[PDB]
Participant: 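Pasting a structure here, questions to come.
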Amino acid sequence: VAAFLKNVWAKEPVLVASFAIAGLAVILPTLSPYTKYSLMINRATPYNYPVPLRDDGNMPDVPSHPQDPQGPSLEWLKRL
Amino acid sequence: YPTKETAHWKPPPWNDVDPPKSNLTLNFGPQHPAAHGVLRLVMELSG
Amino acid sequence: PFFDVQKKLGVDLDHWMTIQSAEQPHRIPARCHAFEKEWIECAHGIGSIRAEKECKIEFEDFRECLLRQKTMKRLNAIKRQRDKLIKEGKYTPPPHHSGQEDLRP
Amino acid sequence: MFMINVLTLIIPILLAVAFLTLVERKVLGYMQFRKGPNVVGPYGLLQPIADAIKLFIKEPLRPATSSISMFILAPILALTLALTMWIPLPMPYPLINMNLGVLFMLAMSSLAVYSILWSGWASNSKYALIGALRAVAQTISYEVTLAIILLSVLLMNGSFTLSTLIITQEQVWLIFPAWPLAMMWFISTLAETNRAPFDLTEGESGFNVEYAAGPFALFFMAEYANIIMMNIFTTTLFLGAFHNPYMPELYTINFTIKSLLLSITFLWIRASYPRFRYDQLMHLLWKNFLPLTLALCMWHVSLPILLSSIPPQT
Amino acid sequence: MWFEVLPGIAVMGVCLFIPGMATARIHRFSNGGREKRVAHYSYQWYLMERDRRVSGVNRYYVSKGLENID
Amino acid sequence: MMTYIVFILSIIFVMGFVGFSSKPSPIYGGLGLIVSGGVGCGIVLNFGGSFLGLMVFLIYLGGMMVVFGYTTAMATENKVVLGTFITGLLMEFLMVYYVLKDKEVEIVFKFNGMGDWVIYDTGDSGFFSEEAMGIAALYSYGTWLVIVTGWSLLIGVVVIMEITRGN
Amino acid sequence: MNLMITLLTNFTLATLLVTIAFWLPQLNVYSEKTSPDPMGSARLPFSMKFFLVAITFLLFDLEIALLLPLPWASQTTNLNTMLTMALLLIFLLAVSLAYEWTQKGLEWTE
Amino acid sequence: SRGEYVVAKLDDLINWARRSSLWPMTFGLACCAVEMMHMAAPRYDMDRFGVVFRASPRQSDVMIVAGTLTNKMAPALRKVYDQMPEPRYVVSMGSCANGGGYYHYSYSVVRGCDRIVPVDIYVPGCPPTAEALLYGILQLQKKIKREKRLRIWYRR
Amino acid sequence: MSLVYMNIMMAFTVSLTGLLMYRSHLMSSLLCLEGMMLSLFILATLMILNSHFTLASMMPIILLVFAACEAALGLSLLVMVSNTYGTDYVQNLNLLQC
Ligand SMILES: CCCCCCCCCCCCCCCCCC(=O)OC[C@H](COP(=O)([O-])OCC[N+](C)(C)C)OC(=O)CCCCCCCCCCCCCCCCC
Ligand SMILES: CCCCCCCCCCCCCCCCCC(=O)OC[C@H](COP(=O)(O)OCCN)OC(=O)CCCCCCCCCCCCCCCCC
Ligand SMILES: CCCCCCCCCCCCCCCCCC(=O)OC[C@H](COP(=O)(O)OCCN)OC(=O)CCCCCCCCCCCCCCCCC
Ligand SMILES: CCCCCCCCCCCCCCCCCC(=O)OC[C@H](COP(=O)(O)OCCN)OC(=O)CCCCCCCCCCCCCCCCC
Ligand SMILES: CCCCCCCCCCCCCCCCCC(=O)OC[C@H](COP(=O)(O)OCCN)OC(=O)CCCCCCCCCCCCCCCCC
Ligand SMILES: C=C(C)[C@H]1Cc2c(ccc3c2O[C@@H]2COc4cc(OC)c(OC)cc4[C@@H]2C3=O)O1
Ligand SMILES: C=C(C)[C@H]1Cc2c(ccc3c2O[C@@H]2COc4cc(OC)c(OC)cc4[C@@H]2C3=O)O1
Ligand code: SF4
């Protein structure tokens, strides 16, 4: 497992670097803890208007103002 | 039913293979510096 | 044959690019989103034979949203009568259609 | 007022290309333990002027051409494409500020192979046509790695905007996270412009040996109008300078110095090595640059996702 | 010696300095002493045409602030 | 005259096809198709399809017509041509005279004769090109499309290496 | 609009310089030349390998064309699917390169 | 008059540009090519006069016939001369190019390249020194300097 | 409808009639075929951009890619004909009449 690897690193180091970088690019997003935050930032980016809801009477988790404490927050992004 | 127009039509070959019905020859004469002076070269190349 | 593998296996291979009323990136509406939605909700489930005759008005509204043949025909009629009255001299353009009024917002 | 901006773009391009010949001959002279031109002007400064006037008053061939019209269209397309590559270049502000300037420059540089192909058509010499086909296959080979390296870097840019690429490198040069891309990019731009060790138009007779001094001075200068541009493009792409919006000439002096050093680096490469054999640079592209470029393209796809560093879309 | 190559390099550097400084001064001249508005996106174009309307002199760059409202 | 510029390009586009479908040679046929690709690309760019216009330049002209001119160079070393050219040109200019004197025409479909600046939309799209985000949707919504296209291109490589071998 | 002005100016300047180059020494009456090449008159033989590298360029350029919207595709909310399809496309480009490798298609222009 | 002064300044301009941008073809025949290389070498350095070597006769201005012209080569030399765009110049370098030299009475040697091409500067020596070839090139430059093409054109 | 659509369809029909009955170079037939593809690209692009139907913006690229791959395939057939007769004259393709 190290004789063939040293042999291909002595003969074809271009392809060894190629397969190694490709293998890292495949497997490493499944091991990184920051891959969750990529998804989280790309859904926190407001391309559209936050269309308001008609207050039916019972929506406690919806704020009545942007500065209200309920709703989604981005303190995880301001800290990181 | 061979007509007057469809009369020269010979049958196709038995293996369905027809016959296929050459290499380049260059002349690098005395117009060139990376041959060291005065040389003519008749190359026969195959690609 | 239409072997409906996508519904039998419950997978969405190409239903998403099929109509303009489907889920678009960033909630972008098509220009005739409402007309196509109305015609699709009219013609749903009733079969194509009943749809060709019972959803004619929604389909004409949607085809005329797509091609705008009636709108361009009306604009042709208005612009042609306007050109005739300009050539005859019985009409003058207002300052808000000649470009002399410094627009609103 | 915009026409003044177009002229102050394109006339100094031709002047810089003219004096690049002097810089090439002088820098190649001193690296070869000799001098370049110093007789014709003071310190050789009138050598490109005398050379351009000398070429413009030589007799052209006007040979038996397979196409007269493509014999005319090859210098016109060469100069027109060589001048239109400069119009989205942000230095620090571009002539044409477009949202897709990178893809624009990629497409217009892909259009430059028709000059080589039509110049090989217009000469009746079949060996000049062979050399033109080898030059075209060289250029379309290295356009592949240009496209993929450029895509991998624009995955860190966020857009196809060339002016965004200044905002991208406000903290660090983009040669630090992308130096393998930068070195394959630099050698690939060297191979785009038929520049040594990748030139195959001086020895085994090139595609433009039919042209003599009327169109040739134009072809050549269009060719050097690409070279500076590519280095300027490399300067925008991997060596992004500081931009103060209240003093834009800080960026203009900084990128100008870096682009001069990179064009001199082209001159210093061609004076240091022998040429490739033709299949050796085909071996260099298809077997050495292309697997690494695909691997690093996978790495620059997955890397901003795994570091939570996806750049902004706008 | 090696400093003989520097006049040609300096001339070529001035020729490369002219287009950038030129387009900077022209964009400051044609836009009211400021940068040219970048409109890559339709929201930027909408704000720029709204500036051209609210200026009253058919120029996007003529800015109107609190003095324009009562 | 500037309001009809898309229309003007379209006329050149038609002319460009009659430029090369008359076929004096594959050389000049390729030249006419390259000029036609440029002007139809200008048509595409004038509706806001900037990425699709640069796909015409990068891939059609810069990628594929290069290979057509390359194969025309390497493999392929009047009256009918000029007659078909002037015939198609007379047909197209009589169509232009009809649709400009009438502002309405019917060859197969009914066509308005005003400019196509009227048929646009008056809205905005915020901080993105809608066409750019729709092409970006190839990786998020277009999974099966990417699969079949990549398999077709891999099979295309394999198929070219099969039939060019001759063994 | 200003872009078309720039393109037209570059085409105009190129056509001006090319016409001056083709016709300023045609004012001269130098001499009339009769002048009665490595190959003499042999027909250009087809090179199969040049065509193969041109088609390999065309197919990899199409795979590049599929790869081109990736900086915009990195902005999606479906990043797992997007990353999977991006790695699949670059892998299929690598597999087309590996088949072009191992079937000796990259030889004598390697 | 005035137009005489105009064509005099134009002759000075075009003669300046032609003599200060001479491009010889890198084309040697015999031992004189070694010394012609020594004139390209760093000590003498023809490139500082605006004198560069170019491979093709199409982008070349002067043919330095540097070496023995044999009978077997003279049509190739004439073809090289006929591919050069005008104004083209010829510098005969060395005794064999000038008049046959050491091989004058040979069955196979053209006795002087001026039987084949018109010659502008004859450079003597066997070989002439590289300094002597550079002297001949500067004498060629001075010969180009006193050309009167537009004055004779204005007087014809 | 739109007036530019008539010109794009007329271009398509011109290149379609150029493909069909000429009996000329094979490369000229492939050029007419790719002119047909070019007009399909332009027409699909103008429709999809006109209707603001965002998900079909990736459709013409697909229409490009496949068909350009198709074009590559055609050239290889031509090259095999160019390796058989020395020309791409389609009247050499008459072995299979009998
Ligand atoms: C943009 C600014 C400038 C950029 C730098 C360039 C300036 C310097 C230029 C010098 C002169 C160059 C002239 C042209 C030379 C062309 C020839 C040449 O070099 O061929 C390239 C050669 C080709 O190989 P070769 O020709 O030497 O060998 C023959 C080939 N084999 C062996 C197959 C028989 O090398 C490459 O292709 C390398 C390209 C860059 C590689 C980048 C590697 C990144 C490293 C990643 C990590 C690796 C560690 C292990 C894994 C770790 C994981 C965490
Ligand atoms: C799973 C990860 C992702 C994989 C997919 C993505 C790959 C990215 C790079 C794309 C490369 C495309 C072309 C690859 C062709 C491979 C086959 C090959 O080249 O075999 C021939 C070669 C012998 O060379 P030869 O035939 O003579 O060619 C002329 C040069 N002398 O023989 C060789 O060179 C032997 C090659 C095999 C051994 C390489 C081992 C590298 C190990 C690196 C560390 C581990 C990486 C993790 C993944 C495992 C990879 C095996
Ligand atoms: C043998 C024939 C002659 C050969 C020599 C001459 C031709 C070759 C050299 C010239 C090449 C011309 C290329 C012109 C188009 C380039 C692509 C392009 O326009 O991209 C830039 C830009 C896209 O970016 P974006 O920011 O989205 O646009 C502004 C929107 N905010 O888009 C814009 O800014 C859009 C601006 C309006 C539309 C511009 C249309 C230009 C004219 C059409 C092409 C004309 C040339 C035709 C021939 C091409 C080559 C064959
Ligand atoms: C962005 C920056 C771009 C910069 C580009 C330019 C770089 C180089 C600048 C010029 C450098 C110095 C040039 C000096 C040339 C030689 C001057 C001279 O003395 O020539 C002598 C010659 C004959 O003199 P004569 O009177 O006969 O002598 C007998 C004396 N008893 O007399 C003559 O030949 C007549 C006089 C000729 C003078 C020519 C001067 C150079 C012209 C170059 C054109 C461009 C100038 C700059 C343009 C941009 C700035 C405005
Ligand atoms: C009504 C009156 C006007 C009529 C129309 C004429 C307009 C002006 C035309 C240009 C100037 C004409 C005079 C040309 C030079 C005449 C004097 C001369 O020959 O001086 C010789 C001297 C070099 O002497 P030399 O013998 O070479 O030295 C050996 C070293 N020991 O030479 C020198 O020292 C330098 C000579 C420089 C020549 C001028 C500079 C080049 C031309 C610039 C303008 C044209 C090109 C513009 C730019 C084109 C693009 C780059
Ligand atoms: C390029 C530069 C600066 C030098 C090198 C050079 C010349 C001019 C001419 C030639 C040349 O080199 C080539 C190769 O080497 C020899 C060696 C020769 O003899 C040893 C020989 O004799 C005729 C001829 C040649 C060529 C020739 O014509 O200037
Ligand atoms: C654009 C302007 C102002 C002039 C100057 C000029 C041309 C046209 C062509 C050339 C040129 O300058 C130099 C001259 O000398 C060498 C010598 C070379 O090698 C000795 C060499 O090798 C690639 C290249 C060259 C340039 C070359 O071809 O027009
Ligand atoms: S003149 Fe003399 S030294 Fe010169 S090449 Fe002839 S034999 Fe040799």
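Any value given below was found using the heavy atoms of this structure, including those in side chains, with hydrogens, waters and symmetry copies removed. Below, chain A is the first sequence line, B the second, and so on; all start at residue 1. When a ligand or atom number is given, it counts from 1 through the structure's own listing order.
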Participant: At a 4.0 Å threshold, what atoms of ligand 3 neighbour a non-hydrogen atom of F/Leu45?
Facilitator: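 Matching atoms, with element in brackets: 15 (C), 17 (C), 18 (C), 19 (O).
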
Participant: Could you list which atoms of ligand 3 come closer than 4.0 Å to a heavy atom of F/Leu54?
Facilitator: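 Counting atoms of ligand 3 from 1, those under 4.0 Å from F/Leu54 are 17 (C).
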
Participant: Once you restrict to heavy atoms under 4.0 Å, what part of H/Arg54 touches ligand 7? Side chain, backbone, both or neither.
Facilitator: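 The side chain, only.
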
Participant: Is atom 21 (C) of ligand 7 in close reach of the protein, with a heavy atom under 4.0 Å away?
Facilitator: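 No, there is none.
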
Participant: Under 4.0 Å from ligand 7, counting heavy atoms only, is it the side chain of D/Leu55, its backbone, both or neither?
Facilitator: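 Side chain only.
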
Participant: Does any non-hydrogen side-chain atom of D/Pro197 lie less than 4.5 Å from one of D/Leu190?
Facilitator: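 Result yes, sub-4.5 Å side-chain heavy-atom pair found.
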
Participant: Donor-acceptor check, side chain of D/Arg275 to backbone of D/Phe198, threshold 3.5 angstrom: yes or no?
Facilitator: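 No.
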
Participant: Any salt bridge between H/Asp45 and H/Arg48, counting N to O under 4.0 Å?
Facilitator: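 Here H/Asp45 does not pair with H/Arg48 in a salt bridge, since their nearest N and O are not under 4.0 Å apart.
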
Participant: Is it true that H/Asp47 and D/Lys35 make a salt bridge, defined as a side-chain N closer than 4.0 Å to a carboxylate O?
Facilitator: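 Answer for the salt bridge query: no.
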
Participant: Which part of G/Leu7 is near ligand 3, with near meaning a heavy atom under 4.0 Å away: side chain, backbone, both or neither?
Facilitator: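 It is the side chain that touches ligand 3; the backbone stays farther off.
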
Participant: Which atoms of ligand 7 sit under 4.0 Å from any heavy atom of D/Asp51?
Facilitator: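 Near D/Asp51, meaning under 4.0 Å from one of its heavy atoms, ligand 7 has 5 (C), 6 (C), 11 (C), 12 (O), 14 (C).
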
Participant: Under a 4.0 angstrom heavy-atom cut-off, which atoms of ligand 7 come close to H/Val52?
Facilitator: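 It comes down to these atoms of ligand 7: 15 (O).
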
Participant: Less than 4.0 Å between atom 29 (C) of ligand 3 and some protein heavy atom, yes or no?
Facilitator: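 No, no protein heavy atom sits under 4.0 Å from atom 29 (C) of ligand 3.
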
Participant: Identify the protein heavy atom lying closest to atom 24 (C) of ligand 7, giving its residue, its atom name and the separation to 0.1 Å.
Facilitator: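 The closest one turns out to be D/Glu24 OE2, 4.5 Å.
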
Participant: In plain terms, say whether D/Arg195 and D/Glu24 are close enough for a salt bridge, that is, a side-chain N and a carboxylate O under 4.0 Å apart.
Facilitator: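 Counted as a salt bridge, because a side-chain N and a carboxylate O are separated by less than 4.0 Å.
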
Participant: Check whether any heavy atom of D/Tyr224 sits under 4.0 Å from an atom of ligand 7.
Facilitator: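 Flag not set, D/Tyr224 not near ligand 7.
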
Participant: Among the heavy atoms of E/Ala39, does any lie under 4.0 Å from an atom of ligand 3?
Facilitator: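 The answer is yes: ligand 3 sits under 4.0 Å from a heavy atom of E/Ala39.
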
Participant: Return the option from H/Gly50, D/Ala52, D/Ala225 holding the heavy atom at the smallest distance from atom 4 (C) of ligand 7.
Facilitator: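 Nearest option to atom 4 (C) of ligand 7, by heavy atoms: D/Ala52.
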
Participant: Closer than 3.5 angstrom, by distance alone: can the side chain of D/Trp268 be matched with the main-chain N or O of D/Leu28 as a donor-acceptor pair?
Facilitator: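 No.
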
Participant: Any idea which atoms of ligand 3 are less than 4.0 Å away from a heavy-atom of F/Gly38?
Facilitator: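 Under 4.0 Å from F/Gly38, ligand 3 has these atoms: 44 (C), 47 (C), 48 (C), 49 (C).
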
Participant: Verify the contact flag for atom 33 (C) of ligand 3, where contact means a protein heavy atom under 4.0 Å away.
Facilitator: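 When distances to the protein are checked, atom 33 (C) of ligand 3 has a heavy atom within 4.0 Å.
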
Participant: Are D/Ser163 and D/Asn97 packed together at the side-chain level, in the sense that at least one heavy-atom pair is separated by less than 4.5 angstrom?
Facilitator: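 When only atoms from C-beta onward are counted, D/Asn97 and D/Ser163 do touch, with a gap below 4.5 Å.
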
Participant: If you take the centroid of each ring, where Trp contributes its six-membered ring, are H/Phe53 and H/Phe27 closer together than 6.0 Å?
Facilitator: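 No, ring centres 6.0 Å or more apart.
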
Participant: Report yes if the side chains of I/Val4 and F/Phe47 come closer than 4.5 Å at any heavy-atom pair, otherwise no.
Facilitator: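 When only atoms from C-beta onward are counted, F/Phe47 and I/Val4 do touch, with a gap below 4.5 Å.
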
Participant: Atom 10 (C) of ligand 4: which of D/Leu45, D/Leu15, D/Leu46 has the nearest heavy atom?
Facilitator: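 Selected option, by shortest heavy-atom distance: D/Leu46.
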
Participant: Heavy-atom contacts with D/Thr21 under 4.0 Å: which atoms of ligand 7 show up? List them by number with element.
Facilitator: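 Counting from 1, the qualifying ligand atoms are 5 (C), 12 (O).
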
Participant: If the contact criterion is a heavy-atom separation under 4.0 Å, does E/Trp45 count as touching ligand 3?
Facilitator: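 Judged by the 4.0 Å heavy-atom criterion, E/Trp45 does not count as contacting ligand 3.
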
Participant: List every atom of ligand 7 that sits less than 4.0 Å from any heavy atom of D/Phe216, numbering the atoms from 1 in the order shown and giving each element.
Facilitator: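 Near D/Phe216, meaning under 4.0 Å from one of its heavy atoms, ligand 7 has 9 (C).
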
Participant: Give the atom numbers and elements of ligand 7 that come within less than 4.0 Å of a heavy atom of D/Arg270.
Facilitator: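 The list of qualifying atoms is 22 (O), 23 (C).
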
Participant: Would you check if the side chain of H/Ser60 reaches a backbone N or O of H/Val62 as a donor-acceptor pair within less than 3.5 Å?
Facilitator: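 Absent.
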
Participant: Which residue holds the protein heavy atom closest to atom 13 (C) of ligand 7, what is that atom called, and what is the gap in Å?
Facilitator: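 Among all protein heavy atoms, the one nearest atom 13 (C) of ligand 7 is D/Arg25 CD, 4.2 Å.
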
Participant: Is atom 9 (C) of ligand 7 near the protein, in the sense that some protein heavy atom lies at less than 4.0 Å from it?
Facilitator: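 There is a protein heavy atom less than 4.0 Å from atom 9 (C) of ligand 7.
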
Participant: Tell me, which protein residue and heavy-atom name are nearest atom 4 (C) of ligand 4, and how many Å apart are they?
Facilitator: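 Minimum-distance protein heavy atom for atom 4 (C) of ligand 4 reads E/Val11 CG1, 3.9 Å.
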
Participant: I need the atoms of ligand 3 closer than 4.0 Å to a non-hydrogen atom of D/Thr80, numbered in the order shown.
Facilitator: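 Once the distances to D/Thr80 are compared, the set is 9 (C).
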
Participant: Do F/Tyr60 side-chain atoms and I/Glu34 backbone N/O form a donor-acceptor pair below 3.5 Å?
Facilitator: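 Judged by distance alone, yes, a pair lies under 3.5 Å.
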
Participant: Between the main-chain N or O of F/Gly126 and the side-chain N or O of E/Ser42, is there a donor-acceptor pair closer than 3.5 Å?
Facilitator: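 Yes: the side chain of E/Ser42 pairs with the backbone of F/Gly126.
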
Participant: Tell me whether the rings of F/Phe127 and E/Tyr43 are parallel (<30°), tilted (30 to 60°) or perpendicular (>60°).
Facilitator: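 Correct class here is tilted.
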
Participant: Could you tell me whether D/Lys54 approaches ligand 7 through its side chain, its backbone, both or neither, with non-hydrogen atoms closer than 4.0 Å?
Facilitator: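 No part of D/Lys54 is near ligand 7 at this cut-off.
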
Participant: Does the N or O separation between F/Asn46 and ligand 3 drop below 3.5 Å for any pair?
Facilitator: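 Not met; the criterion fails.
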
Participant: Please state whether the rings of F/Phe17 and F/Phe20 are parallel, tilted or perpendicular, taking 30° and 60° as the class boundaries.
Facilitator: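 Plane angle over 60°, so perpendicular.
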
Participant: Tell me, do D/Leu81 and D/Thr84 make a side-chain contact under 4.5 Å, heavy atoms counted?
Facilitator: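 In contact.
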
Participant: For the residue pair F/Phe7 and F/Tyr4, does the interplanar ring angle fall in the parallel (under 30°), tilted (30 to 60°) or perpendicular (over 60°) class?
Facilitator: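 F/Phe7 and F/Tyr4: perpendicular rings.
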
Participant: Nearest protein heavy-atom contact for atom 19 (O) of ligand 7: which residue, which atom, what distance?
Facilitator: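 Ranked first by proximity to atom 19 (O) of ligand 7 is H/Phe53 O, 4.5 Å.
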
Participant: Judged by atom type as modelled, is there a donor-acceptor pair below 3.5 Å linking the side chain of D/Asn157 to the main-chain atoms of D/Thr161?
Facilitator: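 Checked: pair present.
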
Participant: For E/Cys15, counting its heavy atoms only, list the atoms of ligand 4 lying under 4.0 Å from any of them.
Facilitator: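 By the 4.0 Å cutoff, the relevant atoms are 1 (C).
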
Participant: Protein non-hydrogen atoms only, distance under 4.0 Å: does atom 7 (C) of ligand 3 have such a neighbour?
Facilitator: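 There is no protein heavy atom less than 4.0 Å from atom 7 (C) of ligand 3.
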
Participant: Centre-to-centre under 6.0 Å for D/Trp121 and D/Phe71, is that the case here?
Facilitator: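 Between D/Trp121 and D/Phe71, the centre distance exceeds or equals 6.0 Å.
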
Participant: Of all the non-hydrogen atoms in the protein, which one sits nearest to atom 11 (C) of ligand 7, and at what distance?
Facilitator: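 Answer for atom 11 (C) of ligand 7: D/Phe220 CE2, 3.5 Å.
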
Participant: Any heavy atom of D/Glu223 closer to ligand 7 than 4.0 angstrom?
Facilitator: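 The answer is no, since D/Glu223 has no heavy atom less than 4.0 Å from ligand 7.
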
Participant: Determine, for H/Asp61 against D/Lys58, whether the closest basic-nitrogen to carboxylate-oxygen distance falls under 4.0 angstrom.
Facilitator: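 A salt bridge links H/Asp61 with D/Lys58.
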
Participant: Can you confirm whether D/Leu77 sits close enough to D/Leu73 that some side-chain heavy atom of one is under 4.5 Å from a side-chain heavy atom of the other?
Facilitator: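 Counting from C-beta outward, D/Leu77 and D/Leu73 never come under 4.5 Å.
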
Participant: Can you sort out which atoms of ligand 3 are near G/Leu3, meaning under 4.0 Å from one of its heavy atoms?
Facilitator: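 Counting atoms of ligand 3 from 1, those under 4.0 Å from G/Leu3 are 19 (O), 21 (C), 33 (C), 34 (O), 36 (C).
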
Participant: Please determine if F/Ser50 has a nitrogen or oxygen closer than 3.5 Å to a nitrogen or oxygen of ligand 3.
Facilitator: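 Such a contact does occur with ligand 3.
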
Participant: Mind checking whether D/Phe19 has a heavy atom under 4.0 Å from ligand 4?
Facilitator: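 Checking ligand 4 against D/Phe19, which is what was asked, there is a heavy-atom contact under 4.0 Å.
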
Participant: Which atoms of ligand 3 have any heavy atom of F/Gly42 under 4.0 Å away?
Facilitator: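 The atoms of ligand 3 under 4.0 Å from a heavy atom of F/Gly42 are 43 (C).
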
Participant: Do D/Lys54 and H/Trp23 meet the cation-pi criteria used here (NZ or CZ under 6.0 Å from the six-membered ring centre, within 45° of the axis)?
Facilitator: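 Judged by the rule, D/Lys54 and H/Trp23 form a cation-pi pair.
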
Participant: Quiz question for you: does at least one protein heavy atom lie closer than 4.0 Å to atom 29 (O) of ligand 7?
Facilitator: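 True for atom 29 (O) of ligand 7.
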
Participant: Testing the basics here: between F/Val14 and I/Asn7, what is the closest heavy-atom pair and its distance to 0.1 Å?
Facilitator: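 Taking every non-hydrogen atom into account, CG2-O, 3.2 Å.
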
Participant: Atom 14 (C) of ligand 4: which protein heavy atom is closest, and how many Å away?
Facilitator: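 Looking only at protein heavy atoms, the one closest to atom 14 (C) of ligand 4 is D/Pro42 CD, 4.2 Å.
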
Participant: Check each atom of ligand 4 against the heavy atoms of E/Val14 and keep those under 4.0 Å away; list them by number with element.
Facilitator: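 That gives atoms 1 (C) of ligand 4.
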
Participant: Is there a heavy atom in F/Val35 that sits closer than 4.0 Å to ligand 3?
Facilitator: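 Checking ligand 3 against F/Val35, which is what was asked, there is a heavy-atom contact under 4.0 Å.
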
Participant: Protein heavy-atom contact under 4.0 Å for atom 46 (C) of ligand 3?
Facilitator: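 Within 4.0 Å: no protein heavy atom nearby.
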
